[PDB]
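K.L.:
Chains as they are written, first to last, in this note's numbering: chain Z, 40 to 135; chain W, 650 to 855; chain H, 8 to 81; chain A, -2 to 95.
Even for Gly, the Cβ is constructed at its ideal location relative to N, Cα and C.
Below is the structure I would like to discuss, written out as structure tokens.
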Amino acid sequence: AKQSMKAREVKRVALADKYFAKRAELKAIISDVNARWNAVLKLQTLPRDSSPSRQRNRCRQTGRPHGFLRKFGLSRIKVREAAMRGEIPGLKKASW
Amino acid sequence: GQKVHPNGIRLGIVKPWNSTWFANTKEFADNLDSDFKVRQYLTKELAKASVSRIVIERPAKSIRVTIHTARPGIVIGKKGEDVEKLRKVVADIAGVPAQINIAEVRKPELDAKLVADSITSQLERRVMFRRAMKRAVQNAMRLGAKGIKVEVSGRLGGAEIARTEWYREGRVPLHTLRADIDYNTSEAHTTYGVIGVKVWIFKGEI
Amino acid sequence: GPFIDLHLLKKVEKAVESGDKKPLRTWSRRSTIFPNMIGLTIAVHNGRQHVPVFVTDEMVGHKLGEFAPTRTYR
Amino acid sequence: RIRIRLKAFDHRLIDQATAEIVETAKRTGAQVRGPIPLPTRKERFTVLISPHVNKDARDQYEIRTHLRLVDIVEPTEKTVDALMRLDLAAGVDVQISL
RNA sequence: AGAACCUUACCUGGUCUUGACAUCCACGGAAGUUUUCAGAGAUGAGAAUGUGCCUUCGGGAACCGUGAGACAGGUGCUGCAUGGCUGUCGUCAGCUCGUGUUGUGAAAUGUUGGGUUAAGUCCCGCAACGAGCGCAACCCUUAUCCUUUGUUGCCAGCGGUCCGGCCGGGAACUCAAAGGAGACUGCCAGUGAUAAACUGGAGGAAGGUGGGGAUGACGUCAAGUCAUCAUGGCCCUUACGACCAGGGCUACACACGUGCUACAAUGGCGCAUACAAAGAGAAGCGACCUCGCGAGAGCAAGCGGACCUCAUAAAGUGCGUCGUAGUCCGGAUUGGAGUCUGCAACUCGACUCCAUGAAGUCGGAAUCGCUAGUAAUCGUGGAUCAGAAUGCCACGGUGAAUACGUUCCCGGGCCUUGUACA
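Have a look at this one:
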């Protein structure tokens, strides 16, 4: 899982919306087609380390990146093993 | 090698869900999130307490933690040891202001984990498997349990490239779906080698 | 306006504001070249080295880091 | 205009969501349009198996959640007031529409 | 089941060393909140700012902060150490045991004959009786009914109709989900030992396991994942580490493993009839609108989802164009307008107005693939998703060519021959 990414998990997930849930509303008119200035562009990237397009949607309970799922919040082999332990409600093998 | 998990095919069949909550889209991943941190944690105290299953439903902002056991006299503690203490966990780290429901299923040498984890408890004791298997097969043959299938994984005795085991017995019709198999693998951490165990138990046709 | 970044707008305001001088090892290479950047030198980080570009006024549709790329072919 | 919505995985759990209401919450004072689960929201996921290349999984799972659109129109003072205390039984949420 | 960063496992510019983060205690600061400053951002000059809560005011919850340490950390090595998971032989029909006796035994008989089946499927003869694993059926599905009961969806019948189920009404046509039938070679005739099996008949929507899914025995394969966790054993620990800016994994100068577009008895065109299922949605779908030359800007109801949005479309027709010509087939190559996205694309984002008009006239040796809504040939969504579908995963329409056979080859196996080969 690259176990040191579980350090860098919260470091790249938490402050993304703890900085850009409200500060994006603070500049939501200017670069949009409503009028264009560089003070908002100076406001845009005077830091760098906040990014809401850095979250790769790592898996939940063991953290494997590839094979992640939208609805389940789990990845390739963990969707399987939770469905085999019955941890997921109402989920049989698909057949029709 | 070449199998399916005998629970995973049969949850859509008359074998019921051992956990069944319901929610909707956004919280659909955060609810079984909460259901995992209790299932990794109830093992950590109820290990010697003959743990069988953990059942969770969500009626209304609460979970009915329906613990199934077979040795409940050590589960309760000093008659109040594990009433609110094991509701203290679910309130924040699961986020669920819930209740607790402990309940015994009898026959403490017939459930899947129990037949599994006893042999581990006998291999953590490190008795001979050749004396352990041959009796612990027939504990199921004692109390009913119409069929058994127990494979002990390798690194057993003195070897580094080892073999598998069987004691097939009675009838284990797991390839036919209508056979409600109480299956649960366990793992025994003897020093050299991960000596695992696979236990198939057939509890009657339906 | 045109694509400039504060990672080099804290460099090009330390380059153009005091005339023509020693260069800036510019980490932010992806910018768009102002018309008062002619003659000035603003480098391009290729991964190791802030390799510079001889700025020409034809770099309107053209951009900065072409003359200073990362990779070499023969 | 008491419009009842329940979402459930099973049919064998949502079918006894109407036995709670047809008798104990309806005698005359609930003009029952019907327990009608009409659509289904099926969600299929052909996720892999092996922790490597497999080129054909043959693993897929499904859910068949049902949607009872129960629109009773009789806000009585007898039938529909023994009704606000009902969340039976397993995984039951409300989307009552007024 | 997806690369500007992240992922990154890769490289450095910058660097952070009790750390990113946790066990563990110390000692203060409530945490936290605004802002200058300087940087490429970390880091850092920091000031401000507050001092809430438990508080029986000693202490603290809990982090902010270092000092100090056990030592946090390593997508790091052999699946040839093993756990779990997994490719394949293989939907092949195979694989062994308890009793029984032949034999001094190793071992056979059970498993071998008559045939018959998709089949150790089944019957007559069985030197056997017996069972368990496996093929079967249990199951999802649709090919056709009744009952269920009228929303957000329908109008047979009856009408108000401002033809729109629009409005009564009717649960009806039909659509939409709960839950029953029926199919068993059943029936007869014939085959065959009179055996099962089967050849025809009748019936129906359905007949010779209705059909597809789903389901992979003992196992041989030092094969898959020690980089997902796990992991016997080895290891770099001011580091097969950590911590930030940033670059590449997209150079081709091309061999080939698999695909789509072509090379045209209809393509650049413009035109008008016709109608699908499958489904997609509040960090939304996004209409009515207005608008963009297209790309796209503003207006954005409604639906929170058979309401609303997404989105009703294709070959099919009514019409000519145009003559199998490298163009009027084809589509390339080189350049730049107008916005969209994302801080972030020039290197390494696509869609798009206009001119640009290559290679290619079906591709040698040959190869791979497929038995009915079938190879194909055109429509339609889903995910990985800030924005990257030719594909991937699923649904609609039109509708083929046919099957002598085991000669050879592949892939086998079983029943019976000979070797000084473990």
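With DSSP run on the structure shown, which of helix, strand or coil describes Z/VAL79?
P.N.:
In the first sequence, counting from the first residue as 1, residue 79 of chain Z sits at position 40. It is helical.
K.L.:
Could you tell me whether the region 810 to 818 of chain W touches the region 793 to 800 of chain W, using the rule of 3 or more Cβ pairs below 8 Å?
P.N.:
yes
K.L.:
For Z/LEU85, which residues in chain H fall below 8 Å Cβ to Cβ?
P.N.:
For the purposes of this step, residue 85 of chain Z is taken as the residue at position 46 of the first sequence. Per Cβ cutoff of 8 Å: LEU13.
K.L.:
Could you give the uninterrupted runs of the beta strand (DSSP E) lying entirely in the region 814 to 838 of chain W, keeping only those of 3 residues or more?
P.N.:
835 to 837
K.L.:
If you pair each beta-carbon of the region 71 to 82 of chain Z with each one of the region 666 to 675 of chain W, do three or more pairs fall below 8 Å?
P.N.:
no
K.L.:
Run the CB neighbour count on Z/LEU85, radius 10 Å, all protein chains shown included, and call it buried at 16 or more, exposed below.
P.N.:
For the purposes of this step, residue 85 of chain Z is taken as residue 46 along the first sequence, with counting starting at 1. Result: exposed.
K.L.:
Measure the C-alpha to C-alpha separation of W/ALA678 and Z/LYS110 and round it to an integer number of angstroms.
P.N.:
Against the second sequence, residue 678 of chain W aligns to sequence position 29. Against the first sequence, residue 110 of chain Z aligns to sequence position 71. So the alpha carbons of these two residues sit roughly 7 Å apart.
K.L.:
Report back the beta-carbon spacing between A/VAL89 and A/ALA27 to the nearest angstrom; my notes put them in contact at under 8 Å.
P.N.:
Position 92 of the fourth sequence holds residue 89 of chain A. Position 30 of the fourth sequence holds residue 27 of chain A. Actually they do not touch by this definition, with Cβ atoms about 19 Å apart.
K.L.:
Does H/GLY54 come within less than 8 Å of chain Z when only Cβ atoms are used?
P.N.:
Taking the third sequence and counting its residues from 1, one reaches residue 54 of chain H at position 47. Chain Z, which has no Cβ nearer than 8 Å to the Cβ of H/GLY54, makes this no.
K.L.:
Cβ closer than 7 Å: which chain A residues qualify as neighbours of W/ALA709?
P.N.:
Counting from one through the second sequence, the residue named residue 709 of chain W turns up at place 60. Residues of chain A passing the Cβ test: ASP84.
K.L.:
Under the DSSP definition of a beta bridge, which residues are partnered with W/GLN748?
P.N.:
Within the second sequence, residue 748 of chain W is the residue found at index 99, counting from 1. Note: W/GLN748 sits in a beta bridge opposite W/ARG713.
K.L.:
Quick one: grab the DSSP three-state call for W/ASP741.
P.N.:
For the purposes of this step, residue 741 of chain W is taken as residue 92 along the second sequence, with counting starting at 1. DSSP places W/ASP741 in helix when its eight states are reduced to three.
K.L.:
Leaving aside the five residues before and after W/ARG736 along the sequence, list all residues of the same chain whose C-beta is less than 7 Å from its C-beta, in chain order.
P.N.:
Reading the second sequence from its first residue, position 87 is the one you call residue 736 of chain W. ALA747, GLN748, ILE749, listed in sequence order.
K.L.:
I want to verify the contact list: residues of chain Z whose CB lies under 8 Å from the CB of W/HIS654, in sequence order.
P.N.:
In the second sequence, counting from the first residue as 1, residue 654 of chain W sits at position 5. By Cβ distance, chain Z contributes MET123.
K.L.:
If you reduce the DSSP assignment to three classes, tell me which class W/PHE851 lands in.
P.N.:
In the second sequence, residue 851 of chain W corresponds to position 202, counting from 1. Strand.
K.L.:
Thinking C-alpha only, which one of H/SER25, H/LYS18, H/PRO9 is nearest H/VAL51?
P.N.:
Against the third sequence, residue 51 of chain H aligns to sequence position 44. The closest CA to that of H/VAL51, considering only H/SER25, H/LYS18, H/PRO9, is found on H/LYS18.
K.L.:
Does DSSP put A/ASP78 in a helix, in a strand, or in coil?
P.N.:
As a working mapping, residue 78 of chain A is identified with position 81 in the fourth sequence. Residue state, collapsed to three classes: coil.
K.L.:
Using a beta-carbon distance cut-off of less than 7 Å, what residues from the region 88 to 119 of chain Z approach chain W?
P.N.:
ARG99, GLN100, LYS110, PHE111, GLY112
K.L.:
So with Cβ pairs under 8 Å, would you call W/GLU706 a contact of chain A?
P.N.:
The sequence position of residue 706 of chain W within the second sequence is 57, counting from 1. With 8 Å as the cut-off, W/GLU706 counts as an interface residue toward chain A.
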